[PDB]
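*Asks:* Coordinates in start03.cif, mmCIF, C-alpha atoms, are listed below.
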```cif
data_entry
loop_
_atom_site.group_PDB
_atom_site.id
_atom_site.type_symbol
_atom_site.label_atom_id
_atom_site.label_comp_id
_atom_site.auth_asym_id
_atom_site.auth_seq_id
_atom_site.Cartn_x
_atom_site.Cartn_y
_atom_site.Cartn_z
ATOM 1 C CA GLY B 779 6.289 -25.711 -55.858
ATOM 2 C CA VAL B 780 8.464 -28.676 -54.814
ATOM 3 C CA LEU B 781 9.643 -28.042 -51.180
ATOM 4 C CA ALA B 782 6.213 -26.751 -50.168
ATOM 5 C CA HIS B 783 4.471 -30.122 -50.777
ATOM 6 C CA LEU B 784 6.869 -31.875 -48.410
ATOM 7 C CA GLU B 785 5.968 -29.327 -45.736
ATOM 8 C CA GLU B 786 2.261 -29.848 -46.585
ATOM 9 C CA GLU B 787 2.627 -33.626 -46.082
ATOM 10 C CA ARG B 788 4.530 -33.158 -42.843
ATOM 11 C CA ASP B 789 1.704 -30.944 -41.515
ATOM 12 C CA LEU B 790 -0.986 -33.276 -42.895
ATOM 13 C CA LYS B 791 0.475 -36.292 -41.102
ATOM 14 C CA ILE B 792 0.401 -34.249 -37.870
ATOM 15 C CA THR B 793 -2.904 -32.277 -38.252
ATOM 16 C CA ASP B 794 -5.026 -34.913 -36.513
ATOM 17 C CA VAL B 795 -2.742 -35.510 -33.479
ATOM 18 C CA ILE B 796 -3.972 -37.861 -31.959
ATOM 19 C CA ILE B 797 -7.234 -39.854 -31.773
ATOM 20 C CA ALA B 798 -5.356 -42.927 -30.468
ATOM 21 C CA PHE B 799 -3.936 -40.781 -27.646
ATOM 22 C CA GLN B 800 -7.294 -39.081 -26.903
ATOM 23 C CA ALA B 801 -8.956 -42.551 -26.911
ATOM 24 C CA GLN B 802 -6.496 -43.717 -24.234
ATOM 25 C CA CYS B 803 -7.130 -40.511 -22.281
ATOM 26 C CA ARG B 804 -10.895 -41.149 -22.646
ATOM 27 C CA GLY B 805 -10.523 -44.862 -21.818
ATOM 28 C CA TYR B 806 -8.749 -43.997 -18.590
ATOM 29 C CA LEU B 807 -11.287 -41.299 -17.636
ATOM 30 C CA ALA B 808 -14.529 -43.291 -17.972
ATOM 31 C CA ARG B 809 -13.403 -46.264 -15.890
ATOM 32 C CA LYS B 810 -12.338 -43.924 -13.097
ATOM 33 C CA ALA B 811 -15.150 -41.299 -13.161
ATOM 34 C CA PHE B 812 -17.960 -43.922 -13.341
ATOM 35 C CA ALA B 813 -17.263 -44.610 -9.632
ATOM 36 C CA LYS B 814 -19.606 -41.750 -8.707
ATOM 37 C CA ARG B 815 -22.665 -43.004 -10.594
ATOM 38 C CA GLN B 816 -21.734 -46.428 -9.313
ATOM 39 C CA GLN B 817 -21.598 -44.990 -5.712
ATOM 40 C CA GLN B 818 -24.836 -42.971 -5.462
ATOM 41 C CA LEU B 819 -27.286 -45.685 -6.583
ATOM 42 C CA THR B 820 -27.647 -48.196 -3.684
ATOM 43 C CA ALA B 821 -27.378 -45.161 -1.467
ATOM 44 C CA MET B 822 -30.690 -43.936 -3.054
ATOM 45 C CA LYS B 823 -32.160 -47.254 -1.992
ATOM 46 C CA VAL B 824 -31.086 -46.732 1.639
ATOM 47 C CA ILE B 825 -32.887 -43.378 1.485
ATOM 48 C CA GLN B 826 -36.050 -45.147 0.307
ATOM 49 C CA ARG B 827 -35.981 -47.542 3.292
ATOM 50 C CA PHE K 3 -14.558 -64.766 -23.816
ATOM 51 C CA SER K 4 -14.553 -67.161 -20.833
ATOM 52 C CA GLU K 5 -17.833 -67.386 -18.840
ATOM 53 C CA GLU K 6 -15.637 -66.411 -15.890
ATOM 54 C CA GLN K 7 -14.777 -62.885 -17.113
ATOM 55 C CA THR K 8 -17.991 -62.660 -19.217
ATOM 56 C CA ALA K 9 -19.876 -62.919 -15.895
ATOM 57 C CA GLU K 10 -17.887 -59.908 -14.710
ATOM 58 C CA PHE K 11 -18.355 -58.062 -18.012
ATOM 59 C CA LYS K 12 -22.093 -58.506 -17.591
ATOM 60 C CA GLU K 13 -22.001 -57.067 -14.049
ATOM 61 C CA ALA K 14 -20.232 -53.851 -15.078
ATOM 62 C CA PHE K 15 -22.791 -53.441 -17.899
ATOM 63 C CA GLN K 16 -25.631 -53.957 -15.396
ATOM 64 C CA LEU K 17 -24.019 -51.399 -13.027
ATOM 65 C CA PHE K 18 -24.139 -48.914 -15.910
ATOM 66 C CA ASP K 19 -27.972 -48.934 -15.875
ATOM 67 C CA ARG K 20 -30.011 -45.960 -14.916
ATOM 68 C CA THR K 21 -33.250 -47.574 -13.712
ATOM 69 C CA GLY K 22 -33.071 -51.335 -13.806
ATOM 70 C CA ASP K 23 -34.885 -51.549 -17.213
ATOM 71 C CA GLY K 24 -31.994 -53.524 -18.725
ATOM 72 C CA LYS K 25 -31.222 -50.840 -21.284
ATOM 73 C CA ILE K 26 -27.941 -48.955 -21.564
ATOM 74 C CA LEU K 27 -28.091 -46.502 -24.498
ATOM 75 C CA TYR K 28 -26.003 -46.029 -27.624
ATOM 76 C CA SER K 29 -24.423 -43.188 -25.692
ATOM 77 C CA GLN K 30 -23.129 -45.060 -22.564
ATOM 78 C CA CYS K 31 -22.065 -48.010 -24.720
ATOM 79 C CA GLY K 32 -18.730 -46.248 -25.108
ATOM 80 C CA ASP K 33 -18.096 -46.222 -21.366
ATOM 81 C CA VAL K 34 -19.101 -49.842 -20.963
ATOM 82 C CA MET K 35 -16.612 -50.808 -23.717
ATOM 83 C CA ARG K 36 -14.002 -48.773 -21.853
ATOM 84 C CA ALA K 37 -14.687 -49.966 -18.315
ATOM 85 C CA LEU K 38 -14.492 -53.636 -19.277
ATOM 86 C CA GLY K 39 -10.959 -53.110 -20.606
ATOM 87 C CA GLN K 40 -11.109 -51.080 -23.827
ATOM 88 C CA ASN K 41 -10.054 -47.643 -24.975
ATOM 89 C CA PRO K 42 -12.001 -47.433 -28.298
ATOM 90 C CA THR K 43 -11.692 -44.721 -30.852
ATOM 91 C CA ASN K 44 -15.139 -43.071 -30.658
ATOM 92 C CA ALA K 45 -15.162 -44.189 -34.268
ATOM 93 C CA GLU K 46 -14.638 -47.922 -33.237
ATOM 94 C CA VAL K 47 -17.803 -47.581 -31.212
ATOM 95 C CA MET K 48 -19.707 -45.697 -34.003
ATOM 96 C CA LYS K 49 -18.799 -48.529 -36.386
ATOM 97 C CA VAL K 50 -20.592 -51.238 -34.377
ATOM 98 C CA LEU K 51 -23.319 -48.780 -33.277
ATOM 99 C CA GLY K 52 -24.485 -48.445 -36.905
ATOM 100 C CA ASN K 53 -23.764 -44.755 -37.512
ATOM 101 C CA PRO K 54 -26.525 -42.809 -35.549
ATOM 102 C CA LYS K 55 -26.845 -39.047 -35.033
ATOM 103 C CA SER K 56 -27.428 -37.403 -31.585
ATOM 104 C CA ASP K 57 -31.179 -38.065 -31.666
ATOM 105 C CA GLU K 58 -31.290 -41.888 -32.037
ATOM 106 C CA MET K 59 -27.831 -42.038 -30.318
ATOM 107 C CA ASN K 60 -29.655 -40.772 -27.252
ATOM 108 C CA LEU K 61 -32.941 -42.604 -28.031
ATOM 109 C CA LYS K 62 -31.776 -46.089 -29.107
ATOM 110 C CA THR K 63 -31.254 -48.639 -26.419
ATOM 111 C CA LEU K 64 -28.866 -51.535 -25.968
ATOM 112 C CA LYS K 65 -29.049 -54.754 -23.970
ATOM 113 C CA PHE K 66 -26.089 -57.042 -23.194
ATOM 114 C CA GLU K 67 -26.627 -59.558 -26.058
ATOM 115 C CA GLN K 68 -26.689 -56.550 -28.365
ATOM 116 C CA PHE K 69 -23.502 -55.268 -26.683
ATOM 117 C CA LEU K 70 -21.356 -58.451 -26.323
ATOM 118 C CA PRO K 71 -20.889 -58.922 -30.162
ATOM 119 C CA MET K 72 -19.730 -55.251 -30.188
ATOM 120 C CA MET K 73 -17.237 -55.636 -27.333
ATOM 121 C CA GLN K 74 -16.043 -58.880 -28.929
ATOM 122 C CA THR K 75 -15.717 -57.306 -32.415
ATOM 123 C CA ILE K 76 -13.313 -54.619 -31.177
ATOM 124 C CA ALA K 77 -11.331 -56.423 -28.374
ATOM 125 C CA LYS K 78 -9.052 -58.674 -30.504
ATOM 126 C CA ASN K 79 -8.233 -55.341 -31.919
ATOM 127 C CA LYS K 80 -6.144 -54.228 -34.827
ATOM 128 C CA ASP K 81 -3.200 -52.058 -33.639
ATOM 129 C CA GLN K 82 -2.675 -50.617 -30.102
ATOM 130 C CA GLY K 83 -0.779 -47.402 -29.870
ATOM 131 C CA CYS K 84 2.650 -47.672 -28.283
ATOM 132 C CA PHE K 85 4.522 -45.202 -26.086
ATOM 133 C CA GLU K 86 6.752 -44.364 -29.057
ATOM 134 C CA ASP K 87 4.005 -43.226 -31.464
ATOM 135 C CA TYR K 88 2.289 -41.243 -28.758
ATOM 136 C CA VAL K 89 5.239 -39.160 -27.559
ATOM 137 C CA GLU K 90 6.013 -38.163 -31.175
ATOM 138 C CA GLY K 91 2.292 -37.488 -31.430
ATOM 139 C CA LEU K 92 2.583 -34.907 -28.603
ATOM 140 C CA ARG K 93 6.133 -33.906 -29.706
ATOM 141 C CA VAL K 94 4.595 -32.215 -32.720
ATOM 142 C CA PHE K 95 4.353 -28.738 -31.035
ATOM 143 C CA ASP K 96 7.806 -28.634 -29.445
ATOM 144 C CA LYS K 97 8.854 -25.571 -31.369
ATOM 145 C CA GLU K 98 12.426 -26.888 -31.314
ATOM 146 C CA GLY K 99 12.549 -30.485 -30.020
ATOM 147 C CA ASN K 100 13.181 -29.882 -26.282
ATOM 148 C CA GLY K 101 11.058 -32.726 -24.751
ATOM 149 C CA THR K 102 8.733 -30.032 -23.266
ATOM 150 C CA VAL K 103 5.642 -27.942 -24.176
ATOM 151 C CA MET K 104 3.681 -25.174 -22.419
ATOM 152 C CA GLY K 105 0.623 -26.474 -20.594
ATOM 153 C CA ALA K 106 -1.606 -23.942 -22.393
ATOM 154 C CA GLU K 107 -0.984 -25.297 -25.926
ATOM 155 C CA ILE K 108 -1.257 -28.843 -24.587
ATOM 156 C CA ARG K 109 -4.552 -28.046 -22.779
ATOM 157 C CA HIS K 110 -5.766 -26.568 -26.061
ATOM 158 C CA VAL K 111 -4.644 -29.095 -28.753
ATOM 159 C CA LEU K 112 -6.538 -31.835 -26.953
ATOM 160 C CA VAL K 113 -9.563 -29.407 -26.969
ATOM 161 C CA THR K 114 -9.164 -28.786 -30.793
ATOM 162 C CA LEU K 115 -7.608 -31.787 -32.621
ATOM 163 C CA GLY K 116 -8.696 -35.430 -33.224
ATOM 164 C CA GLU K 117 -11.338 -36.813 -30.830
ATOM 165 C CA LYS K 118 -11.707 -33.366 -29.182
ATOM 166 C CA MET K 119 -11.811 -32.933 -25.431
ATOM 167 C CA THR K 120 -13.605 -30.597 -23.089
ATOM 168 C CA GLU K 121 -11.694 -28.589 -20.496
ATOM 169 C CA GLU K 122 -12.997 -31.075 -17.910
ATOM 170 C CA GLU K 123 -11.549 -33.957 -19.943
ATOM 171 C CA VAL K 124 -8.242 -32.143 -20.253
ATOM 172 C CA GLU K 125 -7.674 -30.592 -16.760
ATOM 173 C CA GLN K 126 -8.073 -33.793 -14.781
ATOM 174 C CA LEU K 127 -5.828 -35.541 -17.323
ATOM 175 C CA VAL K 128 -3.072 -32.897 -17.550
ATOM 176 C CA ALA K 129 -2.912 -30.807 -14.287
ATOM 177 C CA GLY K 130 -0.024 -31.203 -11.854
ATOM 178 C CA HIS K 131 2.115 -32.499 -14.730
ATOM 179 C CA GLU K 132 3.367 -29.087 -15.745
ATOM 180 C CA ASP K 133 6.529 -27.995 -13.891
ATOM 181 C CA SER K 134 7.590 -24.746 -12.183
ATOM 182 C CA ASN K 135 7.803 -23.042 -15.632
ATOM 183 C CA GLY K 136 4.366 -24.159 -16.846
ATOM 184 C CA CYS K 137 5.828 -26.677 -19.253
ATOM 185 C CA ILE K 138 4.191 -30.063 -19.365
ATOM 186 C CA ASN K 139 6.872 -32.581 -20.287
ATOM 187 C CA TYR K 140 4.980 -34.828 -22.705
ATOM 188 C CA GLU K 141 6.988 -38.068 -22.229
ATOM 189 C CA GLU K 142 5.559 -38.818 -18.779
ATOM 190 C CA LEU K 143 2.061 -37.620 -19.729
ATOM 191 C CA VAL K 144 2.080 -40.318 -22.379
ATOM 192 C CA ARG K 145 3.241 -42.992 -19.873
ATOM 193 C CA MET K 146 0.546 -41.759 -17.482
ATOM 194 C CA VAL K 147 -2.293 -42.482 -19.928
ATOM 195 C CA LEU K 148 -0.720 -45.905 -20.609
ATOM 196 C CA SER K 149 -0.381 -47.299 -17.062
ATOM 197 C CA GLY K 150 -3.789 -46.065 -15.876
ATOM 198 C CA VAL W 99 -43.684 -63.053 24.326
ATOM 199 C CA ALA W 100 -44.735 -65.503 21.585
ATOM 200 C CA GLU W 101 -41.708 -64.443 19.597
ATOM 201 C CA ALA W 102 -40.406 -67.286 21.766
ATOM 202 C CA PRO W 103 -42.116 -70.598 22.762
ATOM 203 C CA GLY W 104 -43.130 -69.580 26.313
ATOM 204 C CA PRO W 105 -40.545 -69.297 29.208
ATOM 205 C CA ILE W 106 -38.606 -66.182 28.158
ATOM 206 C CA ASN W 107 -36.105 -66.355 30.950
ATOM 207 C CA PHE W 108 -32.543 -64.947 31.136
ATOM 208 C CA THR W 109 -31.395 -67.280 28.339
ATOM 209 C CA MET W 110 -34.473 -67.471 25.941
ATOM 210 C CA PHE W 111 -34.435 -63.673 26.050
ATOM 211 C CA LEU W 112 -30.933 -63.462 24.637
ATOM 212 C CA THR W 113 -31.505 -66.618 22.549
ATOM 213 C CA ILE W 114 -33.875 -64.540 20.338
ATOM 214 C CA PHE W 115 -32.030 -61.266 20.930
ATOM 215 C CA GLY W 116 -28.632 -62.150 19.375
ATOM 216 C CA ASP W 117 -29.817 -64.564 16.645
ATOM 217 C CA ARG W 118 -31.945 -61.806 15.084
ATOM 218 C CA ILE W 119 -29.056 -60.093 13.243
ATOM 219 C CA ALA W 120 -31.184 -58.352 10.598
ATOM 220 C CA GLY W 121 -33.370 -55.265 10.333
ATOM 221 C CA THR W 122 -32.692 -51.698 9.205
ATOM 222 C CA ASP W 123 -29.496 -50.384 7.560
ATOM 223 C CA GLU W 124 -26.431 -49.196 9.556
ATOM 224 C CA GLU W 125 -26.035 -45.417 10.187
ATOM 225 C CA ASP W 126 -22.734 -45.202 8.260
ATOM 226 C CA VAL W 127 -24.542 -46.787 5.304
ATOM 227 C CA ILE W 128 -27.319 -44.246 5.939
ATOM 228 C CA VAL W 129 -24.697 -41.402 5.731
ATOM 229 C CA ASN W 130 -23.608 -42.938 2.379
ATOM 230 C CA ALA W 131 -27.245 -42.618 1.303
ATOM 231 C CA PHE W 132 -26.932 -38.936 0.426
ATOM 232 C CA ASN W 133 -23.167 -38.579 1.025
ATOM 233 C CA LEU W 134 -22.654 -40.599 -2.179
ATOM 234 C CA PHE W 135 -24.885 -38.197 -4.217
ATOM 235 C CA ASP W 136 -22.865 -35.014 -3.515
ATOM 236 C CA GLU W 137 -20.282 -34.118 -6.194
ATOM 237 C CA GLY W 138 -17.661 -32.679 -3.806
ATOM 238 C CA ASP W 139 -17.453 -31.989 -0.152
ATOM 239 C CA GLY W 140 -20.642 -29.869 -0.037
ATOM 240 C CA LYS W 141 -24.306 -30.642 0.771
ATOM 241 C CA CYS W 142 -27.437 -31.697 -1.155
ATOM 242 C CA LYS W 143 -29.575 -29.195 -3.068
ATOM 243 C CA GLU W 144 -33.060 -29.405 -1.741
ATOM 244 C CA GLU W 145 -34.617 -29.404 -5.225
ATOM 245 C CA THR W 146 -32.779 -32.679 -5.843
ATOM 246 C CA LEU W 147 -34.021 -34.362 -2.646
ATOM 247 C CA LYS W 148 -37.624 -33.326 -3.275
ATOM 248 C CA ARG W 149 -37.540 -34.247 -6.982
ATOM 249 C CA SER W 150 -35.920 -37.619 -6.255
ATOM 250 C CA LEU W 151 -38.126 -38.866 -3.360
ATOM 251 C CA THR W 152 -41.221 -38.426 -5.428
ATOM 252 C CA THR W 153 -40.008 -39.223 -8.974
ATOM 253 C CA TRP W 154 -37.211 -41.749 -8.712
ATOM 254 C CA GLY W 155 -37.327 -45.559 -8.260
ATOM 255 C CA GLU W 156 -39.501 -46.318 -5.268
ATOM 256 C CA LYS W 157 -41.826 -43.371 -4.931
ATOM 257 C CA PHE W 158 -43.414 -41.541 -2.062
ATOM 258 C CA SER W 159 -46.800 -39.823 -1.888
ATOM 259 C CA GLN W 160 -47.074 -36.061 -1.240
ATOM 260 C CA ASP W 161 -48.062 -37.002 2.314
ATOM 261 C CA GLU W 162 -44.943 -39.137 2.601
ATOM 262 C CA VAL W 163 -42.656 -36.232 1.615
ATOM 263 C CA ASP W 164 -44.389 -33.466 3.712
ATOM 264 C CA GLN W 165 -44.147 -35.527 6.922
ATOM 265 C CA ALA W 166 -40.477 -36.120 6.107
ATOM 266 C CA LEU W 167 -40.176 -32.420 5.169
ATOM 267 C CA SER W 168 -41.289 -30.729 8.422
ATOM 268 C CA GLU W 169 -38.764 -33.062 10.057
ATOM 269 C CA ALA W 170 -36.134 -32.288 7.399
ATOM 270 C CA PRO W 171 -33.371 -29.770 8.448
ATOM 271 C CA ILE W 172 -33.353 -27.380 5.501
ATOM 272 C CA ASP W 173 -30.646 -24.694 5.556
ATOM 273 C CA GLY W 174 -29.260 -22.578 2.664
ATOM 274 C CA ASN W 175 -31.570 -24.380 0.212
ATOM 275 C CA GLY W 176 -29.620 -27.470 1.192
ATOM 276 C CA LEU W 177 -30.825 -30.336 3.213
ATOM 277 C CA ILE W 178 -27.543 -31.072 4.935
ATOM 278 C CA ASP W 179 -28.071 -34.749 5.011
ATOM 279 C CA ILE W 180 -25.605 -35.877 7.717
ATOM 280 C CA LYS W 181 -27.784 -34.458 10.492
ATOM 281 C CA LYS W 182 -31.158 -35.871 9.299
ATOM 282 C CA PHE W 183 -29.511 -39.328 9.275
ATOM 283 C CA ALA W 184 -28.554 -39.003 12.930
ATOM 284 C CA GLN W 185 -32.060 -37.539 13.583
ATOM 285 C CA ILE W 186 -33.669 -40.792 12.453
ATOM 286 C CA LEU W 187 -31.421 -43.529 13.974
ATOM 287 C CA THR W 188 -28.807 -42.744 16.751
ATOM 288 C CA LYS W 189 -29.092 -44.133 20.409
ATOM 289 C CA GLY W 190 -32.796 -44.116 19.494
ATOM 290 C CA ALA W 191 -36.056 -44.260 21.456
ATOM 291 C CA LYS W 192 -37.162 -46.651 24.208
ATOM 292 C CA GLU W 193 -39.712 -48.526 24.582
ATOM 293 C CA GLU W 194 -40.464 -51.071 21.886
ATOM 294 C CA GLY W 195 -38.616 -54.389 22.422
ATOM 295 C CA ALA W 196 -37.818 -56.301 24.539
#
```
Take the structure in the file and give it back as structure tokens.

*Replies:*
Amino acid sequence: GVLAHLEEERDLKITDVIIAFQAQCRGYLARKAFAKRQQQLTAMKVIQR
Amino acid sequence: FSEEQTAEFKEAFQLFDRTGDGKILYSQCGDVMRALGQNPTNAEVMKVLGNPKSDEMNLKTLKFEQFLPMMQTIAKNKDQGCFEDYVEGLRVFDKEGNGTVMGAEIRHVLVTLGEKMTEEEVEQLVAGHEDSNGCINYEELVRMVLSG
Amino acid sequence: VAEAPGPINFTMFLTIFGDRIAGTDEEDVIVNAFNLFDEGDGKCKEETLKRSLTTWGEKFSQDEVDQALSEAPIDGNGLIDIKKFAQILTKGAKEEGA
């Protein structure tokens, strides 16, 4: 058994890899991409007038 | 928060609305938290949301005085992931140790592990940061998501 | 004439003319009207301009759309918005004021 558990652990501590990174990726993406749905709105109001 | 920035925080929430009806959903909540200054784990959000499924996640509404305790509860937030953790986090698949990984594995791992991404979420994030061999160096990709 | 108190001469004329700074939206804002809805450099799918004018926010009648629709330059199932904007408000018509 022995050596194989240490390998197990070392995969287990890396099998998620990595929510905290993806959350930063996400974080970044929303506050940029939103600019579109931000943009189109008052434009729709011009169209109405 | 100060009524100074809280005024601004309110505005960005109001600019998230769809109609005017004052009600940003349990969905969009995550983007409002982001856009104010956060990068929550989708879990951090789910925590203060009160654990809904897709149905009432889409159906339940929020208003700002339902949101501001949420944004406040996270913000003074536990542990914020440094450059050093993150590089080792991506370093995981460097078959030897090189500092470099192929942009195909990297496009994929983010579409299979942790808070899984779509191709859309990945391509915009990663593209143009592979080199002339199709390796993305991770070290700069990590810095890129930091100062962004 | 009664948009001024009486003797609309060379000065009273321009006295009301300049001071009135408000009315309709600017044409470049009016390009932004549908130019901010497009997801790339492209156009606007006609289904989306019909569905919106009737359903969304401030609503038209059928009548209101059909009038706007015979005037509306449809091509390739896409109401290429940039031209319709110039169609409504460029060096526009005379006469109506002063």

*Asks:* Please indicate the distance in Å from CA of residue 100 (chain K) to CA of residue 133 (chain K), rounded to one decimal place.

*Replies:*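 Interatomic distance here is 14.2 Å.
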
*Asks:* What are the closest atom pairs, with distances in Å to one decimal, for each residue of chain W lying within 12 Å of chain K, using all atoms listed in the file, rows by chain and rising residue number, as JSON lines?

*Replies:*
```
{"residue": "W:153", "atom": "CA", "partner": "K:21", "partner_atom": "CA", "distance": 11.7}
{"residue": "W:154", "atom": "CA", "partner": "K:21", "partner_atom": "CA", "distance": 8.6}
{"residue": "W:155", "atom": "CA", "partner": "K:21", "partner_atom": "CA", "distance": 7.1}
{"residue": "W:156", "atom": "CA", "partner": "K:21", "partner_atom": "CA", "distance": 10.6}
```

*Asks:* If you apply the PyMOL selection byres ((chain B) within 12 of (chain W)) to this file, what residues do you get, as a PyMOL selection string?

*Replies:* chain B and resi 811+813-827

*Asks:* One decimal, Å: what's the distance from CA of residue 64 (chain K) over to CA of residue 117 (chain K), could you say?

*Replies:* 23.4 Å

*Asks:* For a test of reading the model, state the distance in Å between CA of residue 57 (chain K) and CA of residue 79 (chain K), rounded to one decimal.

*Replies:*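 So the answer is 28.7 Å.
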
*Asks:* When you look at residue 172 (chain W) with a cut-off of 12 Å (counting only C-alpha atoms), what residues show up, excluding the ones that are within fewer than 4 positions of it in the same chain? I need them as a PyMOL selection string.

*Replies:* chain W and resi 141-145+147-148+166-168+176-182

*Asks:* When the PyMOL selection byres ((chain K) within 7 of (chain B)) is applied to the structure above, which residues does it catch, written out as a count of residues only?

*Replies:* 17

*Asks:* Tell me which residues the PyMOL selection byres ((chain K and resi 103) around 9) grabs here, as JSON, numbers by chain.

*Replies:* {"K": [92, 93, 95, 96, 97, 100, 101, 102, 104, 105, 106, 107, 108, 132, 136, 137, 138, 139, 140]}

*Asks:* Could you check which of K:67, K:45, K:85, K:16 is closest to residue 149 (chain K), using all atoms listed in the file?

*Replies:*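 Among K:67, K:45, K:85, K:16, it is K:85 that comes nearest to residue 149 (chain K).
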